[PDB]
Amino acid sequence: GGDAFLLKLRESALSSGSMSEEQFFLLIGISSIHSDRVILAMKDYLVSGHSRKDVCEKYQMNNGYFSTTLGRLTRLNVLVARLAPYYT
Amino acid sequence: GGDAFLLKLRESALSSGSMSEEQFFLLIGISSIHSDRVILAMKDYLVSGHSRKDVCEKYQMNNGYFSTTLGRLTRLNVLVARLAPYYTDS
């Protein structure tokens, strides 16, 4: 259940600069994230390789919101990676 | 571009009995589909090969609910196929 879920997200966490812009936008497209602010923050982290510290300052974001959002994208990325062999 | 979006969905529509349970649940996982009966109806169609008529009867769905739900999964399938190259060795 939920405890093992959180451990999987820790183990699969997306890191700073881990993807291209178009990949990022496709993940956003599949997601239910719709806040422009948190989209731009996650693009700066995941695509541009800015640090969490810098991104939180720029978007005036707290760690709960940053970490939750990053976890939502990590979850989607794990599911998409598991789906990929059905399409390749 | 809503009109073209609908045409694309027709061309791309998922077939009955076309995916494994694992593939199905991964697509459900990415989706925002919440209804337990709707997930079971889509499983019965996409995995178990039941007809549309069969699932709509079993899970009390009207045609618009079925068609819309299948459309939601067809869109995700197209998008996941466009994401897949980014998970390759290249």
# chains A, B, ... in the order shown; residues from 1 in each chain; ligands from 1
$ residues_around --residues "segment 34-47 of chain A" --least-positions-apart "4" --cutoff "9 Å" --atoms "only C-alpha atoms" --output "list in words"
residues 14, 15, 16, 17, 18, 19, 20, 21, 24, 25, 28, 51, 52, 54, 55, 56, 58, 59, 61, 65, 66, 69, 70 and 73 of chain A
$ interface_residues --of "chain B" --to "chain A" --cutoff "12 Å" --atoms "only C-alpha atoms" --output "ChimeraX atom specification"
/B:18-33,72-89
$ closest_residue --among "A:6, A:53, A:12, A:1" --to "residue 68 of chain A" --atoms "only C-alpha atoms"
A:6
$ residues_around --residues "segment 49-63 of chain B" --least-positions-apart "3" --cutoff "7 Å" --atoms "only C-alpha atoms" --output "ChimeraX atom specification"
/B:16-17,37,41,44-46,66-67
$ write_last_selection --atoms "N, CA and C atoms" --output "short mmCIF file (atom, residue, chain, number, x, y, z; two decimals), in the first residue's frame"
data_model
loop_
_atom_site.label_atom_id
_atom_site.label_comp_id
_atom_site.auth_asym_id
_atom_site.auth_seq_id
_atom_site.Cartn_x
_atom_site.Cartn_y
_atom_site.Cartn_z
N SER B 16 -11.07 -4.16 -28.71
CA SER B 16 -11.35 -5.15 -27.66
C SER B 16 -10.27 -6.26 -27.64
N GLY B 17 -9.81 -6.68 -26.47
CA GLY B 17 -8.88 -7.81 -26.36
C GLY B 17 -7.51 -7.48 -26.93
N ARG B 37 -16.38 0.89 -11.29
CA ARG B 37 -17.11 0.13 -12.30
C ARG B 37 -16.64 0.44 -13.72
N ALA B 41 -15.22 -2.13 -16.44
CA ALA B 41 -15.78 -2.24 -17.76
C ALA B 41 -14.70 -2.13 -18.86
N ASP B 44 -12.71 -5.29 -18.90
CA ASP B 44 -13.46 -6.37 -19.58
C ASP B 44 -13.41 -6.20 -21.09
N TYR B 45 -13.46 -4.97 -21.60
CA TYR B 45 -13.34 -4.73 -23.04
C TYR B 45 -11.92 -4.89 -23.56
N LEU B 46 -10.98 -4.15 -23.00
CA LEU B 46 -9.62 -4.11 -23.55
C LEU B 46 -8.79 -5.35 -23.28
N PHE B 66 -19.33 5.04 -22.15
CA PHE B 66 -18.37 4.11 -22.72
C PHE B 66 -17.50 4.77 -23.75
N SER B 67 -18.07 5.48 -24.71
CA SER B 67 -17.31 6.02 -25.83
C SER B 67 -16.32 7.05 -25.32
#
$ select_by_dssp --residues "segment 14-83 of chain A" --states "alpha helix (DSSP H)" --output "PyMOL selection string"
chain A and resi 21-30+36-46+52-58+63-83
$ write_last_selection --atoms "C-alpha atoms" --output "tab-separated table (two decimals), in the first residue's frame"
chain	number	residue	atom	x	y	z
A	21	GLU	CA	11.69	19.91	-23.02
A	22	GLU	CA	9.49	17.87	-25.34
A	23	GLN	CA	9.55	14.80	-23.12
A	24	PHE	CA	8.64	17.05	-20.18
A	25	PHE	CA	5.72	18.57	-22.04
A	26	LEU	CA	4.36	15.19	-23.00
A	27	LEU	CA	4.49	14.13	-19.32
A	28	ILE	CA	2.66	17.31	-18.38
A	29	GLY	CA	0.11	16.53	-21.12
A	30	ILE	CA	-0.68	13.13	-19.61
A	36	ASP	CA	1.31	27.32	-14.89
A	37	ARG	CA	3.50	28.23	-11.94
A	38	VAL	CA	4.26	24.63	-10.95
A	39	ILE	CA	4.72	23.65	-14.64
A	40	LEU	CA	7.34	26.39	-15.09
A	41	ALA	CA	9.01	25.43	-11.83
A	42	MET	CA	9.23	21.78	-12.84
A	43	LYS	CA	10.54	22.72	-16.29
A	44	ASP	CA	13.31	24.76	-14.71
A	45	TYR	CA	14.23	21.80	-12.44
A	46	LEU	CA	13.72	18.80	-14.74
A	52	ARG	CA	15.62	22.79	-6.09
A	53	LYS	CA	16.84	25.69	-3.99
A	54	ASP	CA	16.94	28.06	-6.98
A	55	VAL	CA	13.59	26.91	-8.33
A	56	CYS	CA	11.86	27.31	-5.00
A	57	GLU	CA	13.20	30.86	-4.69
A	58	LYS	CA	12.20	31.85	-8.20
A	63	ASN	CA	9.25	22.18	-0.04
A	64	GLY	CA	5.92	20.40	0.45
A	65	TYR	CA	4.55	21.72	-2.80
A	66	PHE	CA	7.79	21.18	-4.71
A	67	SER	CA	8.24	17.62	-3.40
A	68	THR	CA	4.58	16.66	-3.96
A	69	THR	CA	4.70	17.90	-7.52
A	70	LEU	CA	7.98	16.21	-8.24
A	71	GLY	CA	6.46	12.99	-6.82
A	72	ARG	CA	3.47	13.27	-9.16
A	73	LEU	CA	5.79	13.53	-12.13
A	74	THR	CA	8.06	10.73	-10.81
A	75	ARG	CA	4.97	8.49	-10.55
A	76	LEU	CA	3.96	9.23	-14.11
A	77	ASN	CA	7.52	8.70	-15.36
A	78	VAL	CA	7.70	5.24	-13.69
A	79	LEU	CA	4.40	4.25	-15.34
A	80	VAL	CA	5.48	5.53	-18.73
A	81	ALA	CA	8.83	3.72	-18.47
A	82	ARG	CA	6.95	0.51	-17.66
A	83	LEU	CA	4.67	1.10	-20.63
$ decode --residues "segment 57-74 of chain B" --atoms "N, CA, C and O atoms" --output "mmCIF file, in the first residue's frame"
data_model
loop_
_atom_site.group_PDB
_atom_site.id
_atom_site.type_symbol
_atom_site.label_atom_id
_atom_site.label_comp_id
_atom_site.auth_asym_id
_atom_site.auth_seq_id
_atom_site.Cartn_x
_atom_site.Cartn_y
_atom_site.Cartn_z
ATOM 1 N N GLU B 57 -23.893 -3.133 -20.291
ATOM 2 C CA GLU B 57 -24.966 -3.792 -19.552
ATOM 3 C C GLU B 57 -24.505 -4.193 -18.176
ATOM 4 O O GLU B 57 -25.153 -3.920 -17.170
ATOM 5 N N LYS B 58 -23.327 -4.799 -18.122
ATOM 6 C CA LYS B 58 -22.799 -5.294 -16.858
ATOM 7 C C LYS B 58 -22.495 -4.180 -15.855
ATOM 8 O O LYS B 58 -22.693 -4.318 -14.643
ATOM 9 N N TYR B 59 -21.979 -3.061 -16.350
ATOM 10 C CA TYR B 59 -21.528 -2.025 -15.465
ATOM 11 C C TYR B 59 -22.349 -0.774 -15.523
ATOM 12 O O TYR B 59 -21.890 0.278 -15.080
ATOM 13 N N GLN B 60 -23.555 -0.893 -16.067
ATOM 14 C CA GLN B 60 -24.522 0.229 -16.048
ATOM 15 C C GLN B 60 -23.966 1.522 -16.602
ATOM 16 O O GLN B 60 -23.971 2.564 -15.938
ATOM 17 N N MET B 61 -23.451 1.452 -17.827
ATOM 18 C CA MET B 61 -22.884 2.649 -18.510
ATOM 19 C C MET B 61 -23.713 2.906 -19.739
ATOM 20 O O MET B 61 -24.035 1.980 -20.457
ATOM 21 N N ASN B 62 -24.004 4.169 -20.005
ATOM 22 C CA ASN B 62 -24.617 4.516 -21.303
ATOM 23 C C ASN B 62 -23.535 4.628 -22.397
ATOM 24 O O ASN B 62 -22.329 4.542 -22.161
ATOM 25 N N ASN B 63 -23.980 4.779 -23.635
ATOM 26 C CA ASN B 63 -23.037 4.780 -24.742
ATOM 27 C C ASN B 63 -22.081 5.921 -24.681
ATOM 28 O O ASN B 63 -20.891 5.752 -25.016
ATOM 29 N N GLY B 64 -22.506 7.096 -24.275
ATOM 30 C CA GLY B 64 -21.630 8.225 -24.171
ATOM 31 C C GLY B 64 -20.560 7.997 -23.133
ATOM 32 O O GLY B 64 -19.405 8.418 -23.327
ATOM 33 N N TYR B 65 -20.889 7.379 -21.993
ATOM 34 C CA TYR B 65 -19.896 7.091 -20.987
ATOM 35 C C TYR B 65 -18.876 6.089 -21.490
ATOM 36 O O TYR B 65 -17.677 6.291 -21.320
ATOM 37 N N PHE B 66 -19.334 5.035 -22.151
ATOM 38 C CA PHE B 66 -18.375 4.111 -22.719
ATOM 39 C C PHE B 66 -17.500 4.768 -23.748
ATOM 40 O O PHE B 66 -16.254 4.634 -23.725
ATOM 41 N N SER B 67 -18.071 5.479 -24.708
ATOM 42 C CA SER B 67 -17.309 6.018 -25.828
ATOM 43 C C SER B 67 -16.317 7.046 -25.319
ATOM 44 O O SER B 67 -15.180 7.059 -25.773
ATOM 45 N N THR B 68 -16.718 7.898 -24.394
ATOM 46 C CA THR B 68 -15.855 8.906 -23.819
ATOM 47 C C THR B 68 -14.698 8.239 -23.071
ATOM 48 O O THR B 68 -13.542 8.656 -23.221
ATOM 49 N N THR B 69 -15.001 7.201 -22.310
ATOM 50 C CA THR B 69 -13.944 6.534 -21.532
ATOM 51 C C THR B 69 -12.959 5.877 -22.469
ATOM 52 O O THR B 69 -11.728 6.029 -22.315
ATOM 53 N N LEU B 70 -13.425 5.180 -23.499
ATOM 54 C CA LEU B 70 -12.536 4.578 -24.465
ATOM 55 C C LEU B 70 -11.713 5.645 -25.153
ATOM 56 O O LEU B 70 -10.505 5.460 -25.399
ATOM 57 N N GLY B 71 -12.303 6.797 -25.451
ATOM 58 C CA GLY B 71 -11.596 7.944 -26.055
ATOM 59 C C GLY B 71 -10.491 8.469 -25.147
ATOM 60 O O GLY B 71 -9.402 8.781 -25.591
ATOM 61 N N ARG B 72 -10.752 8.534 -23.851
ATOM 62 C CA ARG B 72 -9.739 8.973 -22.890
ATOM 63 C C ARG B 72 -8.533 8.029 -22.901
ATOM 64 O O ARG B 72 -7.385 8.493 -22.884
ATOM 65 N N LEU B 73 -8.792 6.726 -22.958
ATOM 66 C CA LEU B 73 -7.701 5.768 -22.973
ATOM 67 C C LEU B 73 -7.012 5.773 -24.316
ATOM 68 O O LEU B 73 -5.781 5.560 -24.382
ATOM 69 N N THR B 74 -7.750 5.959 -25.422
ATOM 70 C CA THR B 74 -7.136 6.027 -26.753
ATOM 71 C C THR B 74 -6.164 7.230 -26.802
ATOM 72 O O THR B 74 -5.028 7.104 -27.263
#
